[PDB]
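Chemist: Quick check, what structure comes out for this input:
(chains A and B, ligands or ions: 6)
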Protein chains: 2
Amino acid sequence: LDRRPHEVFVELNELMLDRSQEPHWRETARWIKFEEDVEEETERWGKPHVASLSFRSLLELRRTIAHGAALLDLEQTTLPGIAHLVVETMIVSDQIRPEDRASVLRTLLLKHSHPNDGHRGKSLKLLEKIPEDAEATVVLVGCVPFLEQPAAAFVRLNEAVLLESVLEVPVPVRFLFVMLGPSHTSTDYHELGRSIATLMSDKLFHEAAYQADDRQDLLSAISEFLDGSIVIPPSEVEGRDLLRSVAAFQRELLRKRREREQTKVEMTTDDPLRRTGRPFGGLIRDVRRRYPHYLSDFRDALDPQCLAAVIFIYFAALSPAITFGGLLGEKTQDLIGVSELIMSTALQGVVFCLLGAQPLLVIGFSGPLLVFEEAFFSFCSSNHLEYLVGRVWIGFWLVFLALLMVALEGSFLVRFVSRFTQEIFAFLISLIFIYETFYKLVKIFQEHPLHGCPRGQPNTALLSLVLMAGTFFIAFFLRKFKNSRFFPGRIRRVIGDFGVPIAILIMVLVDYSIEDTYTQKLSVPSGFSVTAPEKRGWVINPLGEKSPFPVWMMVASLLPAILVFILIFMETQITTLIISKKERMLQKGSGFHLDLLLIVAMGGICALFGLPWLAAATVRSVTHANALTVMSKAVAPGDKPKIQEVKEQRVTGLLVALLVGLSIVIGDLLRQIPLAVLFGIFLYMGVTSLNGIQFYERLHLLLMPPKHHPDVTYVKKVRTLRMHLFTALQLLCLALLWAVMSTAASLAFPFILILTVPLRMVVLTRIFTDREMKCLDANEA
Amino acid sequence: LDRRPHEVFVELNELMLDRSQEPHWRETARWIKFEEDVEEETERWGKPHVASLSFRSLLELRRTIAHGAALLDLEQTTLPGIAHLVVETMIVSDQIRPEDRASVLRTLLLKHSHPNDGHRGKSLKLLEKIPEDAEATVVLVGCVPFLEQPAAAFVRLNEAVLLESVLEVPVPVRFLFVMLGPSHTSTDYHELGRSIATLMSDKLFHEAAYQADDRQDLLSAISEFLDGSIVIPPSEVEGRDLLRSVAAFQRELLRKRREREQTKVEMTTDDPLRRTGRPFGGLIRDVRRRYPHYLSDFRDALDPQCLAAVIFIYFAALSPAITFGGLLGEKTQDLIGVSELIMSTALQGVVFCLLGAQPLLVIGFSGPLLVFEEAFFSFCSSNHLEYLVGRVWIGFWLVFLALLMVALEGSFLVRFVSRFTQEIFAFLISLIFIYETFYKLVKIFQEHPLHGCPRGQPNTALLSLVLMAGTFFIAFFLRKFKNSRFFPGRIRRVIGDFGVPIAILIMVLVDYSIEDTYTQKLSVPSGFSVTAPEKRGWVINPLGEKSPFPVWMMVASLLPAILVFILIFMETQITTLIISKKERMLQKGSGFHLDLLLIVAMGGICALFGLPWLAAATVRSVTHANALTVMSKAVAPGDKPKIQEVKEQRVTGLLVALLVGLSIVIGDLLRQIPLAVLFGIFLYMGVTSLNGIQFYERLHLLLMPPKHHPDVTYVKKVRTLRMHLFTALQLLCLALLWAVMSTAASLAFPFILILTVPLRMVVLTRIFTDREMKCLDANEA
Ligand SMILES: CCCCC/C=C/C/C=C\C/C=C\C/C=C/CCCC(=O)O[C@H](COC(=O)CCCCCCCCCCCCCCCCC)COP(=O)(O)O[C@@H]1[C@H](O)[C@H](O)[C@@H](OP(=O)(O)O)[C@H](OP(=O)(O)O)[C@H]1O
Ligand SMILES: CCCCC/C=C\C/C=C\C/C=C/C/C=C/CCCC(=O)O[C@H](COC(=O)CCCCCCCCCCCCCCCCC)COP(=O)(O)O[C@@H]1[C@H](O)[C@H](O)[C@@H](OP(=O)(O)O)[C@H](OP(=O)(O)O)[C@H]1O
Ligand SMILES: CC(C)CCC[C@@H](C)[C@H]1CC[C@H]2[C@@H]3CC=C4C[C@@H](OC(=O)CCC(=O)O)CC[C@]4(C)[C@H]3CC[C@]12C
Ligand SMILES: CC(C)CCC[C@@H](C)[C@H]1CC[C@H]2[C@@H]3CC=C4C[C@@H](OC(=O)CCC(=O)O)CC[C@]4(C)[C@H]3CC[C@]12C
Ligand SMILES: CC(C)CCC[C@@H](C)[C@H]1CC[C@H]2[C@@H]3CC=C4C[C@@H](O)CC[C@]4(C)[C@H]3CC[C@]12C
Ligand SMILES: CC(C)CCC[C@@H](C)[C@H]1CC[C@H]2[C@@H]3CC=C4C[C@@H](O)CC[C@]4(C)[C@H]3CC[C@]12C
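Modeler: Numbering: from 1, shown residues only, chains lettered A, B, ... in the order given. Ligands and ions are numbered 1, 2, ... in the order given. Below, you will see the structure:
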């Protein structure tokens, strides 16, 4: 006929006596894709587990179903009618004596019980998990003194009917299994109930039962279910490694089974990085996919979910801004400071969030840019060249290069930048955070020596070290608290997401308590003014501030433009690639050509006002994306979490940028933060961003004996001595890059990264196997 | 007949082609109580795992063995003869055409291969694991193109014979299984080989095959094996909680099976704490069990294993001695100091290790004794009583109470001291380590305030804190390194066992480097002299040093004697109970009556010379025992470690005591250790000993949601509220005890600690059920 299959919610009800000896059915276990048992002593629900059967119970079940009486497509609609029909058929099939007809019927008309039978508070919580269109089944297994032989009955109702006071949740029933036998047999009826329920909770078996017509089809379905099972021999499980191989073996077995099924069935039977050719094609394609959703981009942020992010993202886009800028003040003779960096961050962020194609990106100063800033400053103050005027021409060339790269569709080279260079560029970012911290500490200890009885203050070095260590430890332990197993589980996440503000506030109050001790503090000027209003204006003359600019450097400034373009391009395209994956349920569209052009043009224009260039960070962009995802609730117990949807809007980023811009009118309060707390946070970010990259783990695996290596796909398919050779080559390249960065040619490491782009292909294909590269240099997993 | 069963070492050899296309057998997996597989791509052995089967392969195996030809008790002794007989029987049973008799015969005399076929270095390393009296079996499965139907043969040799160049290790073979079939069938021969090998490596199946005589018994044994198995349904393993329930279910299933077997079999069929009554009976009983082994006790320590302990146990019995000895000097006006404590430790340790019944005990000053010392000092300097004379009479009463308690057999009350009071006592010991550290820190910060520009030194208050934190962190992280997964695994343990010496040495060097900063240092006097040689002699006059002693106190000193006897008795008896368990394979014997009498008598006599009393520590004794256990090497791969034996001797303890005694002639070197380094170790010992006691874990569970609780036996059998009530009732008693310890009646907390023994027997039984007490207050597990 039609018999459209539905998902099944299976319940086990067992007959038992009460304290007043009145017999009644009590619920014992429930199946929603996984078994859940009721503990007898404490009367609560245990954790979900895989439903492991036993073989003797399966044999007994097959024998019982072979000798039982089955009713198919019954026309009854009430419990008494179903019970009467069942007892009549049991009488017909010579299973129960007619004299007991009056007795056994009374056993099928008893009240049902449940652990929770206040009720709605858990009834709704269980109804959320169950799929919307699910049809339930009831298994009634128990022993009766007045019977002599076991009797079984399988009933499939013609139409779903809601039997009240039978199940645990209001779901219609479709199937009924009744078993009633004597108590002197060797069979365990709880085991038979568990076996039949685990059979019915399966996918293929329950579909077959939906489409079945007699007992032979039930036997065939039982054989089909048994074909793809795993038998575990009777041996003690001593260690823990013994049961880590079941998943892979089950995967292979079910793969073979599904391949056989697919063969039998066969016998029975918009890339965003593709270049078209039209000039500026990518720009038009990206605009005409994202702009029409403009109204929805604003209407979609009216919920508290989109208000709790702005509170702490503001604290993540601000801490580096006041840190990095300070460093520039120490490195460029206070030509570029915290005020200019904050103004540039705000001004570029608001425009990008109003006109960008991917509003979920937050842009700001990053690690590998201040190194280039310092290198260019060192080069400028060697040949008697003004530092701040050359940046104007660098930006002028950068704006032209961006247009050249966008006009001819060329933002597809990010496909050639594989994991080999991404993991090196992650170590560079995570090592210009630790080095600056451990250099500032040494400088502090040198300026204020530790002799006995401004410069030479008594208790300044050790106090700064203590503040740094305290801030780092607080920020680390709150991060570890975020993913722990304490507290109600939603306050846990909220507290764990405020690690940085809490750490900074605590370690600022501690230093505010201490009096009569000098600790260096932030330098934020009053009002809207340039950090050095004695040698620098707001607009830079493109011809020369103090002396006329040379004409040769006007054209010879092509090389630094190319290097900084390489840096910006890598840092932005990698982030856009990471954000717009398929695992993250990002609807609408992503912009690969409207982000590069906008960022580089804004940087080039902004460098005229003596403000730094910016590039989208790849760590706080992921944090911004994560803070906006909402997970589903219709997930079966014990199943892995599933992302429902990500709220895409351009209102949280705009508000965060505006807040960071307005954070300059509270300078009187921002001048009370000591300069060691910020470096504690600096070191914390540097250390904590290492987790995730495979280069770090393969570097760990150097010190581990080959017996203790994990079972990941890049360690169990390649020999140990080739994994170590790959790691050694990567380390050698990283060390060479650091050496060339630390010498007098510091403004050449972008060229070294571009030269490690094709080393991979040419050399590491001429050496390694075509099969080992897919294991070690894989882009997925 | 006889057919005595042995353990079985199963190997799987599969036919395959070489690069030169020459056919040969290659080893694929091996079974010693657990499966171990050879990876095809990398050619190395994977980790052990439980041998999970598949059902279709089992059905194919049953059908193949049903139609195969079996040879029982063959008289051949060489491979060619066995092959000839096998081919003849295959021809007899109409399985192989006679025309192919030659061809298949060749396939039975091909060279065998192995992963390691340098060979001896791993041959011995694997021969260690295999049991000495084990007999092996060889499984040969592969495909051939010249056959049309599968043929099988099972051969059991009459006597074990060493077949060279067949197995991987030189072990005699007893069984042979040969299977050869066409390559166009749907059967997978690797799976059949795995199935038959996992059958033959079982504990009951191989015995059944030993006693078997025909094919029907093989089928019966197959059914027996299948009876006690677990079937896992075809569902994906999504999470990780799914497979944590297999162990318990397997335990229950095997328990039922073994109960059935035992029922069928039935149908077919020196306490050391027992009082006798004779006076001093226990003393004689433990003397006559331990003294005769004197020569063995002295002859059993001639190995490097008994020499690496003395190196670091000396560093564990010394750090508290110079710490506690300092504190008493600050608390008793330098009447008892480091020198007196060190000398008492040495003098009592040597005598105890020379005459004791349990030499594996290290005695020394512990936490709850200095609290009583301080309380008695505070009581003495209130009524104008000399402090050092009263201890003489306290010892005089103690040496009488010990004799009274030993003469009438009374060292059996330790059975009534349950876990309820043991955990409270462990918290008391672990909370007098943190408190003293965090009080010394506050005192240091108060004496040297943090103002700007002996008392009032500039950089002392922060330097001491830095040193404490550094020492604690180093000592903690080396402890965590001891049980990590780095380094060759035997250097790892050696480095992890030297945490305290390394942590102290590094920071001593660091503070040595710093110049022109004052940090308070240890006060160890030169030569053999008392700590204060201006107000105290070496022999205390029992009548009064400065003024005559009152006569009323001479008799009234009974109460402190009891209040300190309780502490000594608990601390010694708990340690002796913990040490002499059954899990620790301690041979010879333990003395419950020769340790109490000796320790208390030595404490009473040693208090006449103005030296403190001592009681065995329950943490350093366990460390001493652990440092002397030697583990076995004959353990199958993947199995849990097993203790071979423990070297019991009275030479390492005597040497450690002598070293601690001689550590006073290096005072010029011990006076360079800053006093803030030792308190790091103090706090580390306080924090690190909380792990293990169930009170701490049940205190953690107050914050966990009921969803995240573990699966231990005391959380899944009692309701959550009736667990938190028990935890709160324990915390209330602990808080009351800590309150009575801090007021002006501080020398009464032993009475409170002994008043919680009848509380458990009277009150906590009238509230909690008889079944909840066995779950929460269990002595085992
Ligand atoms: C500014 C700093 C302030 C610090 C001052 C102190 C601050 C407090 C400091 C230290 C002590 C703190 C916390 C101790 C904790 C109690 C909660 C821990 C036990 C607990 O968890 O109980 C809770 C709540 O039940 C109560 O009513 C519990 C009733 C709590 C009693 C009231 C406590 C309120 C605070 C007491 C002190 C009040 C002090 C206020 C005075 C102010 C002084 C200034 C039961 O939770 P549940 O089982 O019903 O819900 C579960 C649970 O949330 C799971 O975690 C969750 O799974 P995950 O999301 O994966 O984690 C489940 O979700 P699914 O099943 O769908 O997957 C939920 O279904
Ligand atoms: C700089 C970074 C700072 C932070 C980094 C962290 C720390 C500071 C950094 C670096 C310092 C250290 C390097 C030390 C490490 C090497 C990695 C160890 C890998 C390794 O394990 O390889 C070893 C030996 O292989 C060699 O022959 C290896 C032979 C060549 C090794 C080098 C030779 C000289 C080493 C010293 C170098 C000298 C350097 C200084 C001297 C220069 C002076 C100017 C293979 O060991 P195995 O597989 O044969 O034996 C296993 C293994 O021991 C398992 O652990 C054990 O199981 P468990 O007991 O349960 O753990 C098995 O027992 P069962 O079968 O009964 O279960 C054994 O069967
Ligand atoms: C920068 C260093 C100090 C850090 C890490 C060094 C090791 C992880 C590397 C350095 C040299 C490497 C070896 C150098 C070359 C080879 C050849 C390599 O090629 C082969 O397969 C040998 C046979 C052939 O050439 O085909 C096998 C691994 C091995 C021994 C390497 C193993 C790993 C080693 C010891
Ligand atoms: C300040 C902190 C560190 C101390 C610990 C406090 C809580 C862990 C304790 C204090 C009071 C306890 C409650 C006191 C009384 C009861 C009644 C008790 O009632 C029953 O035993 C049920 C049977 C019946 O109702 O007769 C169940 C536990 C409960 C809720 C206890 C739960 C745990 C509480 C809240
Ligand atoms: C400290 C680190 C970063 C650099 C020093 C690396 C040297 C000292 C260590 C690190 C990794 C080590 C290797 C780790 C694993 C093996 C496999 C083993 O079967 C032979 C030795 C061998 C090949 C080790 C040789 C020594 C080795 C190369
Ligand atoms: C500082 C800490 C140790 C003190 C916190 C103690 C109080 C607030 C905590 C300790 C244990 C907690 C209990 C833990 C588990 C449950 C089970 C839940 O179904 C109802 C609430 C209840 C009963 C909690 C109530 C709050 C509780 C009693």
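
Chemist: can you list the residues of the stretch 201-350 of chain A near chain B?
Modeler: A:202, A:225-239, A:241-247, A:249-250, A:253-254, A:257 (C-beta under 8 Å from any C-beta of the partner chain). For every residue, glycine as well, the C-beta is placed using N, CA and C.

Chemist: In ChimeraX, how would I select just the buried ones from those residues?
Modeler: Here is the ChimeraX command that picks out the buried ones among these, judged by 16 or more other C-beta atoms under 10 Å in any protein chain shown:
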select /A:202,225,226,228,229,230,231,232,233,234,235,238,239,242,243,245,246,250,253,257
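
Chemist: Can you tell me which of the residues of the stretch 201-350 of chain A next to chain B are also in contact with ligand 4?
Modeler: When C-beta under 6 Å from any ligand atom is applied, no member of these is adjacent to ligand 4.

Chemist: Now, the residues of the stretch 201-350 of chain A next to chain B that are in strands?
Modeler: Judged by DSSP state E, the subset of those located in strands is A:230-232.

Chemist: Nearest to residue A:343 among those?
Modeler: residue A:230 (64.4 Å; C-beta to C-beta).

Chemist: Would you mind putting the CA coordinates of stretch A:404-412 into PDB?
Modeler: Output of stretch A:404-412 as PDB, limited to C-alpha atoms (Å, rounded to 0.1, in the frame of the first residue of the first chain):
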ATOM      1  CA  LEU A 404      45.500  45.900 -10.800                       C
ATOM      2  CA  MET A 405      44.900  42.600  -8.900                       C
ATOM      3  CA  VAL A 406      41.100  43.000  -8.800                       C
ATOM      4  CA  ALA A 407      40.600  44.100 -12.400                       C
ATOM      5  CA  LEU A 408      42.300  41.000 -13.700                       C
ATOM      6  CA  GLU A 409      40.600  38.200 -11.700                       C
ATOM      7  CA  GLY A 410      43.500  37.100  -9.600                       C
ATOM      8  CA  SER A 411      42.200  36.500  -6.100                       C
ATOM      9  CA  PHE A 412      42.300  32.700  -6.800                       C
END
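
Chemist: buried stuff in it?
Modeler: Those buried within stretch A:404-412 under the rule 16+ other C-beta under 10 Å are A:405-406, A:409, A:411-412.

Chemist: ok, now stretch A:131-147?
Modeler: A:134-144, A:147.

Chemist: Confirm residue A:27 sits in a strand?
Modeler: Yes - counting by DSSP: H, G, I helix; E, B strand; the rest coil, residue A:27 is found in a strand.

Chemist: was I right about it contacting residue A:15?
Modeler: No - at 11.6 Å, residue A:27 does not count as touching residue A:15 under the criterion of C-beta atoms under 8 Å.

Chemist: Now render the ones in strands among the residues of the stretch 201-350 of chain A next to chain B as CSV, adding distance to ligand 2.
Modeler: Shown next, in CSV, are those (distance: C-beta to the nearest ligand atom, whole Å):
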residue, distance to ligand 2
A:230, 28
A:231, 29
A:232, 25
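
Chemist: out of those, who's nearest residue A:718?
Modeler: Nearest to residue A:718 among these, with distances taken as C-beta to C-beta, is residue A:230, at 28.8 Å.

Chemist: what's the closest residue in space to that closest one that isn't next to it in sequence in contact with, if anything?
Modeler: Using C-beta to C-beta, 6 or more residues apart in numbering or on different chains and skipping the chain neighbours, the partner closest in space to residue A:230 is residue B:232 (4.3 Å). Counting by C-beta atoms under 8 Å, 6 or more residues apart in numbering or on different chains, residue B:232 touches A:50, A:52-53, A:229-232, A:246, A:250, B:52.

Chemist: what about 10 Å?
Modeler: Contacts here follow C-beta atoms under 10 Å, 6 or more residues apart in numbering or on different chains; on that basis residue B:232 touches A:50-53, A:229-232, A:246, A:249-250, B:52, B:242-243, B:246.

Chemist: go on, residue A:105?
Modeler: A:80, A:83-84, A:86-88, A:90, A:96.

Chemist: Can you report phi and psi for it?
Modeler: Per-residue torsions, residue A:105: phi -60, psi -40 (degrees, to the nearest 10).

Chemist: Give me the neighbour count for residue A:442.
Modeler: Using other C-beta atoms under 10 Å in any protein chain shown, residue A:442 has 10 neighbouring residues.

Chemist: same check, this time on residue A:56
Modeler: Residue A:56, neighbours per other C-beta under 10 Å, totals 20.

Chemist: Three-state assignment for the residue in chain A sticking out farthest from the centre, please.
Modeler: Distance from the centre of chain A peaks at residue A:99, with 65.0 Å (C-alpha atoms, centre = their mean). Three-state assignment for residue A:99 (three-state DSSP): helix.

Chemist: Note down every partner strand of the longest strand along chain A and its orientation.
Modeler: The single longest strand within chain A, with elements called by DSSP E, is strand A:151-161. Paired strands of strand A:151-161, with direction, are strand A:69-74 (parallel), strand A:173-181 (antiparallel) (DSSP bridges).

Chemist: With residue A:504 as the reference, measure out to the closest residue to ligand 6 within the stretch 651-781 of chain A.
Modeler: Nearest residue of the stretch 651-781 of chain A to ligand 6 (C-beta to the nearest ligand atom) works out as residue A:684 at 27.0 Å. To residue A:504, residue A:684 is 11 Å away according to C-beta to C-beta, to the nearest Å.

Chemist: quick one, which of those two is more surrounded?
Modeler: Set residue A:684 next to residue A:504 and count neighbours by other C-beta under 10 Å: residue A:684 wins out with 24 against 20.
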